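Following: one structure in C-alpha cells, then a few remarks.
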Protein chains: 2
Amino acid sequence: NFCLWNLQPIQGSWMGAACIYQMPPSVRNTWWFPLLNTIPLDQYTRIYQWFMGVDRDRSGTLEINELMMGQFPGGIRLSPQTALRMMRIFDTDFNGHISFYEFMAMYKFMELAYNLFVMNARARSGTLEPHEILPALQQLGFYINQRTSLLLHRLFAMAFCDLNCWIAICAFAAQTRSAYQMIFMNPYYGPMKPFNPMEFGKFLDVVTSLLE
Amino acid sequence: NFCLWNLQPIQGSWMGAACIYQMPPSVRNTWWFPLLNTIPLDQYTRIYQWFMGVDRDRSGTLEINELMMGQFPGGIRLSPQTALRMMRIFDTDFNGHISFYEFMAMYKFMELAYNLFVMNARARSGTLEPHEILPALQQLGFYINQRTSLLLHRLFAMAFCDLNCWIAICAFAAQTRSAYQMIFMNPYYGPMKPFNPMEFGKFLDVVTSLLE
Ligand SMILES: [Ca+2]
Ligand SMILES: [Ca+2]
Ligand SMILES: [Ca+2]
Ligand SMILES: [Ca+2]
C-alpha cells in the first residue's frame, strides 16, 4: 500500500522493540509469540482485568489450579487435562506458572479458536459435527487429513463436539506444535528446517493416531 | 569366537536369503523385521498352531476382530485399543490384515514383553509398580526418563499395572517407533539419520506427554 490514509503497521516496528527486548527470552523464542503483537492496548487492559479475576492468590501468575477453576471468555472452561495442555504450551520456562504475557497469548489463542468454532458450527448452533472440524483446523493453520479430523472429534468429544471440547482439540494441536519445536531443536537432526505447515500437518496426523 | 564346537549363526546367513527375498517388501523394510530371525523352525510351527486358533475364518490372516477376541500366550488379552496399536505396528501394507509373518513378529514381540514383565515384577508378583516400568522399558530398548515411566503407568494402568496393561504400554512404545520411521522417512527432513536409541528415547518422552 502507498496510501497515506491507510498505512498498516509493520511487523517488528521500532516502537515495540524496547518492550520486546525486555521480555523474557523464553517468551520471545516461542512459536506463538506473534500472537502478542495482535493485541491492542485497550485489549491488553481488558485481558489484565480477566487475569485478575482468575488469579486467586494475587501472585500475578496463574497456576494450573487457577486455570482449572477459572472461567474464560465465551463461557470456556478447561478440564484438568486441557489446563495441563495449556500449561505445556504457555509456561515457556517450565516453572509451573503462566505469566501475564503468557496468559495474553493463551487468551488470544482461545479467541481465535472461539471465532473459528462460531464460524464453523453451521449444522447445529453450539456444536461442531465431525465434518466441521477439518475446515476449522485448516483455517487455524493445522493442515490435517479427514481421517485425523474424525479421530480428533471422537477422542475429544458424542455426536457433537461443544466449544469446551473444541478448545481441547485446539490445545492438543498447539501442544503438538510445541512438541515439534522441542523434537527438532535437537541438534542430532541437524539445522532446523524453516516451519512448513503442510509438513507439520503430516506430523500432526501421525501423532494423533498414537492417541488410539 | 573361533571354537569349532560353539559356532554362532551370522546375521544374514546365505541359508535364509532365499526366504527373505520372497518375503513381501513391506515386511522386510520394517524396523521390527529382525524379530523374525530369532524364531527357530520348531517355534515357527507352534506359532502357526497359535495363529490357527486365533484365525476364526480360516483366511490365513488376522483381522482386528480376531486380535480382539483371541487369547495369546501367558494369558495375554488385547483390548480394542491395543489391538488397533498392534495392527498399526504389524500390518505393514496397511490393508487391515496381519499375515502369518507379521503375526510371528507380533508373537515374538509379546514374548519379549512378557519375559521382561516377569523379570521386573519384583515388588508384587503379577504386577508392575510405577518404579518398575523404567527398567523394564530400558531393557527392551526404550530409553525414557522417570517422569515418562510414571506417566505411562498412570495412563495405561490403578496402583499396579497388570500384564495386559504392560503389553498395552509396550505396544504404544513400539507404535511410536513406527511413527518415528514414518515421520523421518519424509524427505523434507533430508537423509534419514541412523537410528539412535537415546535420541529416540527423547522423542518417546515428548510424544508420551501429549497423551495428557
Ligand atoms: Ca496466582
Ligand atoms: Ca512460566
Ligand atoms: Ca482370519
Ligand atoms: Ca497387512
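To find a chain, count down the sequence lines: A is the first, B the second, and so on, and within it residues start at 1. In what follows, every heavy atom counts, from backbone to side chain, and hydrogens, waters and symmetry copies are set aside.
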B:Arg177 charged N/C atom sitting above B:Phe142 aromatic ring, 6.0 Å / 45°: no
Part of B:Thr82 within contact of chain A (heavy atom distance under 4.5 Å): neither
Heavy-atom contact with chain A under 4.5 Å, split by part of B:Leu210: both
Residue selection (most heavy-atom pairs with chain B, distance under 4.5 Å) from A:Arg85, A:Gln81, A:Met182: A:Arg85
Under 3.5 Å: donor-acceptor pair, side chain of A:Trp32, backbone of A:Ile89: yes
Chain A contact via B:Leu211 - which portion, at a heavy-atom distance below 4.5 Å: both
Any side-chain donor near an acceptor of the partner, B:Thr148 and B:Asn145, under 3.5 Å: yes
A:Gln22 side chain to A:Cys19 backbone, donor-acceptor under 3.5 Å: no
Side chain, backbone, both or neither of A:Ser209 within contact of chain B (heavy atoms, under 4.5 Å): both
Distance-only donor-acceptor check, side chains B:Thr127 and B:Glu129, under 3.5 Å: no
